[PDB]
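Form deposited in one PDB entry, single chain, as structure tokens, below.
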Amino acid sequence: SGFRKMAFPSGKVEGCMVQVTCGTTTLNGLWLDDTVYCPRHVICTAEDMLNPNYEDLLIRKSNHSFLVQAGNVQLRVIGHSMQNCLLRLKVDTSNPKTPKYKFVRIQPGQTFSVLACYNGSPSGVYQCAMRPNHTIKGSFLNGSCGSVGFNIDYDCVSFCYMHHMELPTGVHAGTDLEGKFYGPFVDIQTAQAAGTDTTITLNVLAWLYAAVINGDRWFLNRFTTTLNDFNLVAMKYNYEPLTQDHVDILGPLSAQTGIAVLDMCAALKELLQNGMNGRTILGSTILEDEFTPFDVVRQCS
């Protein structure tokens, strides 16, 4: 029992982190096989960031403009190229610690673990869910750029995120490992406005199943609702529309607890309409949206 925001164990990742310096800028890189991946803004000075032209900035660099340090050992860069918003550096050593891996592009509402890193050194690990608006609510300090986000399936690390930017409102923006930004954002230090973050509805439902699977059932009720009537309410509370696909996904949790998905939706509609009245669910006073159904099943069994 119990339910916690749990990260994946970080050891496979920890062995891929390196430091990348270009001039006066140091940030993290990911060393897999014979390639190191890092934010392309490593090539920018702080002034540069105001209005960078990356292609211009890049040709003015050579393989040795880049110093890559793994632990002590310094790796010799023998190639460099730009893929979208990432720099790829070929190095002269293959990483002995490279895990089975893949690169994935995550869908909003999905979750992943982040290994916060400073100067190529791992500092902490936490779980965050990509927001609907494609931001994440992270803890990044200066020098955290290039820190990565991942999921682990069996022995295979699926890398999904690399940290690039902090938004004026304090939220964080980044790319997939092909260097394409999640969201509208760009690697320029200018005001860029986040969308409006809609609460994940599927996750909140999954959490309610977790709560039940953990014996917190006060919120349940005799009622049912149609999907349409649910949405008509949820959408007043800035909740994402619920779809049959979402309802289908919840089926296993529905089966495990015996509470029908639409019945849970009826509970939620009430919680939304009437608040929690000083009660808590799984210890929260708030409806939690950062757990996926998979997260609930992984954790709750």
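When you see a residue number, it is the position in the sequence shown, counting from 1.
The same protein has a further form, the form solved in complex with a partner chain, not shown here; the description that follows concerns it.
*Asks:* Choose from 84 to 92, 99 to 107, 223 to 231, 143 to 151 the stretch whose residues reach within 4.5 Å of the partner chain in the bound PDB entry, heavy atoms counted.
*Replies:* Within 4.5 Å of the partner lies stretch 143 to 151.
*Asks:* So, in the bound PDB entry, is residue 189 in contact with the partner chain at a 4.5 angstroms heavy atom limit?
*Replies:* Answer yes; at least one heavy atom of residue 189 falls within 4.5 Å of the partner chain in the bound PDB entry.
*Asks:* Is residue 166 part of the interface with the partner chain in the bound PDB entry - any heavy atom within 4.5 Å?
*Replies:* Close contact exists here: in the bound PDB entry, residue 166 approaches the partner chain to within 4.5 Å, heavy atoms only.
*Asks:* Taking 4.5 angstroms as the cut-off for heavy atoms, does residue 172 touch the partner chain in the bound PDB entry?
*Replies:* Yes, residue 172 lies within 4.5 Å of the partner chain in the bound PDB entry.
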